[PDB]
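Just so it is clear, the values below take in all heavy atoms, side chains as well, and ignore hydrogens, waters and symmetry mates. Lettering follows sequence order; numbering is per chain, from 1.
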Amino acid sequence: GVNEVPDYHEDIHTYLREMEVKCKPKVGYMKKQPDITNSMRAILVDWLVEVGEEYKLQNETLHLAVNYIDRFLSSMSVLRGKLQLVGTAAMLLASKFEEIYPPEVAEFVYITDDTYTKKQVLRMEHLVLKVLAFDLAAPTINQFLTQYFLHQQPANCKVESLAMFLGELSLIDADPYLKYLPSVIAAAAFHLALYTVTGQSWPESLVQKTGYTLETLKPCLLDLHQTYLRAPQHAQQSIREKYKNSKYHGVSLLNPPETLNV
Amino acid sequence: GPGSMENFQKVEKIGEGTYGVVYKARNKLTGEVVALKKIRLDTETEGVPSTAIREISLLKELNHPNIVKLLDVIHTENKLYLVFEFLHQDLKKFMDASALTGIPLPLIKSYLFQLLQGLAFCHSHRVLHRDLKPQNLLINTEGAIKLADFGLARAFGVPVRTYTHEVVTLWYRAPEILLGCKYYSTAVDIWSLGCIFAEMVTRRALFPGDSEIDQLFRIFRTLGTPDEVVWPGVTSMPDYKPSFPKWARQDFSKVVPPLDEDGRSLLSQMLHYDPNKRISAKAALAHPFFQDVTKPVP
Ligand SMILES: O=c1cc(Br)ccn1CCO
Ligand SMILES: O=c1cc(Br)ccn1CCO
């Protein structure tokens, strides 16, 4: 019905496809950052995952924040001591954009363990807004996922949750996910989830919608499949902890497939 | 961005929201008349307001002839200036001051047709307006009308999630919001436009309630109290009560007597109880009511 916006879903998908390209971070920016590394970024994102669950924020908010951060670090060089300040302001902006009830600024100061002042958080807020030129309505993995989900016959909540989980895992690791668009990671994540839970494969209807095939998804899929296998070993564990929860059907306890068969 | 306050000459104050004041101003270099919305941050303890973050980010993306244009944003440390295209009037002032003996049917038709184009463009770009009312529709001297005030607007996902409740000025608010529904969608904007359509014909609000429950009752007394047949799920809705009086649907020619058959049809499809059956902006553009549409000036 109207909740799935029959008359606009295609227009919207097409628009999101054009926007994800505009909102894309620079693939190679971490090499151009003198003082920070993929590893430090992973620590930040893992922390923002914990912040999101402590304040019971939407997953969309988490995804937006990571988008803001990566775009910011694409043109602005940041000392390791200030990385958290960027992340905090990102999360604040994303909260004000997507949340009904965003946490107050003071709560954002609080979670930084008084590493930063409210003035520093607010001034960084302004800086991020300047650097992004207010361009905050960014397509996320989630925005594509929810559309792809409409193609399950029938809906399977384990599939949905597992896809969300895999997509979130991809936020942690700039290498190699910075090089894939949200629409493509979402596709890879949906197929892996679907295959893992039901044995089924990326449906023809989504091939029609997206123009993507298992052929075109294969690179990303291979990376996502590795990320899923080694997730119990990753240094960052907050997403796995969150997906043990019943809200998400405890999908982090599901076992990864050992092979994909193409 | 590409601009500084030095180049504007303030002319008069044209408005005032809860964010601050709007002035009509003039670009001293180009000649352009603009509206400056000032948003004060220095006074702000919570940094840049979410209302402004949404308005700017969403309006940056919406270039359409029936959506007011955000021309620029001047971003000081103490103040934020939104530069907008200037339009002389809103539809509310127009209906009150010059439409004393009515808006002619050609102009009603032109206005509704433009509003649907604007709204269709919003929905196609995953934006809900959530405050369509005559005060927020701006008219120029050329006969254009444009959706304005995107401070209550929202970027949606497909399918939609639960968003803020009690959105939309009460008289323009859809039953599905009034009944506390978990989810609402593009249909809430169509309802508002339906109310506005009627309001352009009569020059008076269609459902001027003084509380949530009075709004519902005035709607029910006009369209009939909905049941499972007209609106599957209604009786399950969180703020549906079985004790609701059961009013008969009045024939639609009595709701807006001056309206013709095509008009009545279009109106009925905008005010359908069931958000799933309610007509979309995109579909409504094809309705026979518009068969002879032109763009007359006020
Ligand atoms: O100091 C911090 C804090 C967070 Br949270 C993330 C990254 N860094 C850089 C050094 O690890
Ligand atoms: O308040 C005004 C007035 C004019 Br005229 C144009 C834009 N705005 C801001 C809301 O759109």
Side-chain angles (χ1 to χ4, degrees), chain A residues 11-27 29 48 58 60-78 86-99 102 122-144 171 174 178 180-183, chain B residues 1-3 37 39 41 47-64 67-76 80-85 121-122 124-129 150-157:
Chain A
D11 287 345
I12 290 165
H13 177 74
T14 294
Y15 180 68
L16 296 173
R17 286 285 301 266
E18 137 173 35
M19 287 316 281
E20 71 177 348
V21 177
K22 296 200 220 298
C23 290
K24 207 201 174 162
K26 263 166 22 66
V27 185
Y29 84 72
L48 291 175
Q58 292 301 304
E60 178 65 10
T61 305
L62 168 65
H63 280 81
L64 286 171
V66 176
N67 173 275
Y68 300 168
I69 295 169
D70 285 331
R71 278 153 78 200
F72 188 87
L73 294 178
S74 287
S75 71
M76 305 288 280
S77 178
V78 180
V86 177
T88 304
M91 197 63 156
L92 172 62
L93 282 174
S95 301
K96 288 167 173 188
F97 188 80
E98 196 61 40
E99 298 284 333
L122 287 192
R123 278 216 65 110
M124 178 65 66
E125 176 177 80
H126 265 288
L127 191 51
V128 173
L129 289 171
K130 166 187 153 170
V131 167
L132 301 188
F134 286 76
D135 200 42
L136 298 202
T140 65
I141 288 168
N142 279 29
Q143 278 174 60
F144 285 105
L171 303 177
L178 274 193
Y180 304 115
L181 295 172
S183 69
Chain B
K37 188 185 294 197
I39 286 145
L41 316 156
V48 183
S50 53
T51 182
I53 279 170
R54 284 183 177 166
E55 176 163 37
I56 299 161
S57 62
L58 300 179
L59 269 185
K60 274 206 65 165
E61 296 195 350
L62 295 173
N63 306 110
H64 184 282
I67 298 170
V68 65
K69 183 68 180 295
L70 192 53
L71 302 178
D72 208 358
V73 172
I74 297 137
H75 190 204
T76 299
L80 204 54
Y81 281 101
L82 275 66
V83 190
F84 291 89
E85 177 187 19
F121 188 95
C122 293
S124 298
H125 293 69
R126 62 94 175 67
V127 175
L128 296 183
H129 189 283
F150 285 69
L152 287 172
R154 182 98 138 116
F156 65 92

For this session: Calculate, to the nearest 0.5 Å, the distance between atoms CD and CD belonging to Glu98(A) and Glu60(A) respectively.
Result: 5.0 Å
Problem set entry | From CA spacing to verdict: side-chain contact (heavy atoms from CB on, under 4.5 Å), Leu152(B), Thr51(B) | CA-CA 7 Å; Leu152(B) 287 172; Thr51(B) 182; 5.8 Å; no
Exercise. Do the non-hydrogen side-chain atoms of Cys122(B) and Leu128(B) ever get within less than 4.5 Å of each other?
Worked result: no
For this session: With rounding to the nearest 0.5 Å, note down the distance linking OG in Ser77(A) to OH in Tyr29(A).
Result: 11.5 Å
For this session: Compare every heavy atom of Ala94(A) with every heavy atom of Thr61(A), then report the nearest pair and how far apart it is.
Result: O-CB, 3.5 Å
Problem set entry | Sub-4.5 Å side-chain heavy-atom contact between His64(B) and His125(B) | no
Seminar exercise, completed: In terms of heavy-atom contacts, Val127(B) and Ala153(B) come closest through CG1-CB, 4.3 Å
Problem set entry | Residue pair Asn63(B) / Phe121(B), side-chain heavy-atom distance below 4.5 Å | no
Problem set entry | Step-by-step side-chain contact (heavy atoms from CB on, under 4.5 Å) determination, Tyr81(B) to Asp72(B) | CA-CA 8 Å; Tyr81(B) 281 101; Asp72(B) 208 358; over 6 Å; no
Exercise. Would you say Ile56(B) and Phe150(B) make side-chain contact, with heavy atoms under 4.5 Å?
Worked result: no
For this session: Write down the atom of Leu48(A), the atom of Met91(A), and the distance for their closest heavy-atom approach.
Result: O-CE, 3.4 Å
Problem set entry | Sub-4.5 Å side-chain heavy-atom contact between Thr140(A) and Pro182(A) | no
For this session: Evaluate the side-chain proximity of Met76(A) to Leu127(A): yes if any heavy-atom separation is below 4.5 Å, no if none is.
Result: yes
For this session: Identify whether the distance between the nearest side-chain nitrogen and carboxylate oxygen of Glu18(A) and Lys22(A) falls below 4.0 Å.
Result: yes
Exercise. So does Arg126(B) pair up with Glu61(B), basic N to acidic O under 4.0 Å?
Worked result: yes
Problem set entry | Closest approach of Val68(B) to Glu85(B) (non-hydrogen atoms, all atoms of both residues) | CA-OE1, 3.5 Å
Exercise. Hey, what do you get for OG (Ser50(B)) to CD (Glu55(B)), rounding to the nearest 0.5 Å?
Worked result: 11.5 Å
Exercise. Can you tell if the side chain of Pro25(A) reaches within under 4.5 Å of the side chain of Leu178(A), non-hydrogen atoms only?
Worked result: yes
Seminar exercise, completed: CD (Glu125(A)) and CG (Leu93(A)) are apart, to the nearest 0.5 Å, by 4.5 Å
For this session: Determine, stepwise, if the pair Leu16(A) / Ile12(A) fulfils side-chain contact (heavy atoms from CB on, under 4.5 Å).
Result: CA-CA 6 Å; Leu16(A) 296 173; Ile12(A) 290 165; 3.9 Å; yes
For this session: Verify the distance criterion only: is there a donor paired with an acceptor across the side chains of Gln143(A) and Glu20(A) at less than 3.5 Å?
Result: no
For this session: Kindly check if the number of other-residue, nucleotide or ligand heavy atoms within 6.0 Å of CZ (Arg123(A)) is above 12?
Result: no
Exercise. Do you know the tightest heavy-atom contact between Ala90(A) and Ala65(A)?
Worked result: CB-O, 3.7 Å
For this session: Show the numbers, then the answer: is there a side-chain contact (heavy atoms from CB on, under 4.5 Å) between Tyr15(A) and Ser124(B)?
Result: CA-CA 8 Å; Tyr15(A) 180 68; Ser124(B) 298; over 6 Å; no
Exercise. Is a donor on one side and an acceptor on the other found under 3.5 Å between the side chain of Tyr68(A) and the backbone of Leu136(A)?
Worked result: yes
For this session: Flag the pair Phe134(A) / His75(B) as yes when their ring centroid distance falls below 6.0 Å, and as no otherwise.
Result: yes
Problem set entry | Heavy-atom check, side chain of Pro139(A) versus side chain of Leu181(A), under 4.5 Å | no
Problem set entry | With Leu59(B), the side chain to side chain contact (heavy atoms under 4.5 Å, CB included) member among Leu82(B), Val73(B), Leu70(B) | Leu70(B)
Exercise. Step by step, would you call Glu99(A) with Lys96(A) a salt bridge (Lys or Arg N to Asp or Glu O under 4.0 Å)?
Worked result: CA-CA 6 Å; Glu99(A) 298 284 333; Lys96(A) 288 167 173 188; over 6 Å; no
Exercise. Does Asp70(A) pair with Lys26(A) as a salt bridge, N-O distance under 4.0 Å?
Worked result: no
Problem set entry | Gap between atom CG of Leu132(A) and atom CG of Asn67(A) - 0.5 Å precision | 8.0 Å
For this session: For residues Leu41(B) and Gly47(B), report the shortest heavy-atom separation together with the two atoms involved.
Result: CD2-O, 4.4 Å
